[PDB]
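In my numbering, the protein residues as written are 9 to 86.
Don't be surprised by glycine CBs; every beta carbon is placed ideally from N, CA and C.
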């Protein structure tokens, strides 16, 4: 089971991901990294602005299914 979280893919681009309250956070960067066409390394999900450790669970920082996260990928000049 599990409900969708809100991954804000960069800016102006948002993609709904399906994860459970156990999805880690780099693991979170991996799935979001899949739809972004980039590696979870460059990609980085931060919920509500709190830098979460890649070893914490989805219900750890308080993400929980449904959570506005901010993915960030070191963007070369456009």
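Just verifying my parser: in three-state terms, what is the DSSP assignment at residue 13?
Strand.
Spatial distance of residue 83 from residue 59 (CA atoms):
Straight through space, the alpha carbons of residue 59 and residue 83 are spaced by roughly 19 angstroms.
Once the 5 residues before and after residue 62 are set aside, which same chain residues still bring their CB inside 8 angstroms of it?
32, 33, 34, 35 and 37
With a CB to CB cut of under 6 angstroms and the five nearest residues on each side skipped, what residues in its chain are close to residue 80?
52
Is residue 38 helix, strand or coil by DSSP?
Helix.
So the candidates are 11, 43 and 30; which of them puts its Cα closest to the Cα of residue 17?
The residue with the shortest Cα to Cα distance from residue 17 is 43.
Integer Cβ distance of residue 14 from residue 76, believed to fall under 8 angstroms:
5 angstroms
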